[PDB]
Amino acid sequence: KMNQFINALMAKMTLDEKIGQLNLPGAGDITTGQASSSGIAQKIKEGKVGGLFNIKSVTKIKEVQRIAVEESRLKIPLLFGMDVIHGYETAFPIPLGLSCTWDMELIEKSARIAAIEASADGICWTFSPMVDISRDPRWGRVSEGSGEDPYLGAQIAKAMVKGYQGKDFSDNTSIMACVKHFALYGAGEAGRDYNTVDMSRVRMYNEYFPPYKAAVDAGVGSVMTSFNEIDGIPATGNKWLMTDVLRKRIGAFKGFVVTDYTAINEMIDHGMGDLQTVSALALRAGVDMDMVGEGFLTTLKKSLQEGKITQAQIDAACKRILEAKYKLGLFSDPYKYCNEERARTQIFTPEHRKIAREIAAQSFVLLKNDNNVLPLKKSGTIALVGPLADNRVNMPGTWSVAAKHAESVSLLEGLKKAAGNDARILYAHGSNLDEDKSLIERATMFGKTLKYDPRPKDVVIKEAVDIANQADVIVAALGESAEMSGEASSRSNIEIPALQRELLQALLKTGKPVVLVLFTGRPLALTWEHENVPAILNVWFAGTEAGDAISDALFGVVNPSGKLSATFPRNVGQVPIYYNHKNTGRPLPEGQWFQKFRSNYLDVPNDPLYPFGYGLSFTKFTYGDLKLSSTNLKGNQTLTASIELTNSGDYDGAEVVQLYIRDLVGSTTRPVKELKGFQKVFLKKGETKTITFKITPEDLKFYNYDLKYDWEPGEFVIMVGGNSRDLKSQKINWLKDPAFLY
């Protein structure tokens, strides 16, 4: 069995060969046809390479793996990793957009399909999911995550891990997952990427940690450290974090820890010392694999000779890496993931694209729909206008490194396809992405270019207005470019670019009904748009099928059913503003802004523009009164909470029913509410269904001042609705059972 086989392996290994297993270097370019004489080859031959990443194609990966199998002393195969974030070649929506589906079945599926494509191409390990909680729309990496809520985040994290890893690591359709970035990366100060993070231990445990824990408990194979410091120690060298929290219950994690890109080396910049010092710190902390920086490879032996680390520390890190490869099936078949036929037939198939088209349409959030503007009639003339109206490579959004960007369906493309002979579609650019070309340049890196019009904005705006005047309705494709979010894409301004707002205004001024189809990787400040635009559909970035999926929604093929996973502020002045907040000692009563001497601003209401969980539909949903099985409970009983949901509008549709719980009094202050459950239900027009939730004390537990995980006896409010804001509710009392106090 595994344990005997790996001890046997390690018994044959030299110190340098163990150290080598901990190395995850950059590959450098590898000339197809002479991989065995390439730069990386020599290091593989000497047993200095544990794995590689962002190598693409089974053909290339196969020949690189051959070097390790045929030309290294012990023939230890490599891991091959990659950033498979929201799909391999078929792009699903960016993670933040996927979160708004609130559909854990759909989400697990997208991961499943992504792992089927990657594994068919020699990839056996993905750097996903990223489950960083964040309350800061300025941070470009909000797009990679799933919002501000620990519960929803935890559910999604589970779905993602289950999707990738499947039923068994050794399946050639399952890949190993890597939860990132441990930890607290989403609280970087001032929303500036990589910036200082600081918070209390109790906040960590209640507000930020749960998603990481769900990934571990779901059996995630690996964990990736984060770039930020915590309590003044970078995550990568933080022993409390990587050892005391991550591996507390011994048998709990069991996987291995990889650093983020040169995160060890960067501890030098942080102010922790030289490369040897920070490398040793990382190993003692519980880090097992060193990404790109080679601090482990170059300094571990010296540190050992110097007594700064121990043999057992090296052996334990090496063991974990081998155990990963063993689980993935690599020792019984180093080429398990290398089949030319799978790669030809199981990637970017018509079936896969179709599923992505279906999923994408379920992620859209309908933020406004006045006067039945949507769905559009498929008749007359429709004017599509804006810098995002006819572009392919931006549709998949950021973190789509293996995506077929150029085969993506543009919005103009999908609209003409949908309209057919029944409606005429007119196009106009309207305006560039921004007035500042240098901003455009840096916002469109990595080949994600937008066609640029050199003419004066007024000329181009007038052009679009003339076209629009010839149409009956106007569809405005505005927002961000794909690379305005993602890594190192922080924005101090979270509005739609000014130039585009000037365009939008000129369109509204035509008197034509306007639909704002919004492309973004983050929450945006949209008060003015909400005030003036008849309809607003948030499409995030929908993937390779964006144009088709969006057209499904626009014409009413699919009834929008998405709901916000993060709060949209009125202005960046409100940040951070989130749903699960404390009451403060001077709360502003609802509807009373402005009140002197309450907690509020002089110049903006306390409320965000759209709250967590917000999402409209083409139809309407009516909630009956909240039914509770009991208002007086004791010990480990089960509370049943039920409610009637009725489709009272004009169309078939789905709605997300949300359960919130409030702990009224506590030994510490409790959030005014916390998401604790949800169910997505489809209803025929006029149909009524009884939705039921089962609450137990487990749902009432929190981390107290002493970090004890428990619930306290007292009153609670149980809330249910399609919003963190609009809810039916009922108070209950829950007591302890003296007999069972252990």
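Note that residue numbering follows the sequence shown and begins at 1.
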property: Given 163-171 and 91-99, the range whose Cα B-factors average higher in the PDB entry; result: 163-171
property: Entry-level comparison of average CA B-factors, 126-134 and 558-566, reporting the higher stretch; result: 558-566
property: Per the PDB entry, maximal CA B factor within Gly397, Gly585, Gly251, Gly188; result: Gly251
property: Of the residues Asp290, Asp663, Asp193, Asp315, the one carrying the largest Cα B-factor as recorded; result: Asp315
property: Where the record places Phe682 (Cα B-factor, split into thirds across the chain); result: highest
property: Assigned third (lowest, middle, highest) for the C-alpha B factor of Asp269; result: lowest
property: Among modelled residues of the same chain, the CA temperature factor third for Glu487; result: lowest
property: Record-listed C-alpha B factor of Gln21: chain third; result: middle
property: B-factor third for the C-alpha atom of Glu407 within its chain; result: middle
